[PDB]
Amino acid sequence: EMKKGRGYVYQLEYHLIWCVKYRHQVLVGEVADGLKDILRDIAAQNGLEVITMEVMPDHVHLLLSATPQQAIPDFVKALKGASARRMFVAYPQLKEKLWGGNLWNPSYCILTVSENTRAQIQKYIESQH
């Protein structure tokens, strides 16, 4: 069940969420579908496994499975920074409501995720011991 690398055994999932700058509801129709392809492209280029992806009008959800060497600020920069660049290039109409050089809110929300709760894991540990 555990993944394996040279110096470690792991199971790492993160739920990442970020919003459109000014909270504009622009991720719809063609722009939303284009973003899904662009994020898939960026994730494949960076060797990041995307478990699920949801694009809502003003925010994006990604559930990622990572190795211990894939640090959070690095994958968030790659996903948000490269997608904003590619999106403005592929969908220049985005510049009509976002002309300030930003597609994204500069903050992000990140959560570690597990199938069992921290409380259940704690109980399992005491039990094993």
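Each residue number is its position in the shown sequence, starting from 1.
- The stretch 116-124 shows the higher mean C-alpha B-factor when 116-124 is compared against 14-22 in the entry.
- Taking the mean C-alpha B-factor of each stretch as recorded, 100-108 and 87-95 are not equal, and the higher mean is that of 87-95.
- Going by the entry's values, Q45 shows the largest Cα B-factor out of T52, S65, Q45, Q70.
- By the numbers in the PDB entry, the CA B factor is greatest at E30 among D41, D74, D58, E30.
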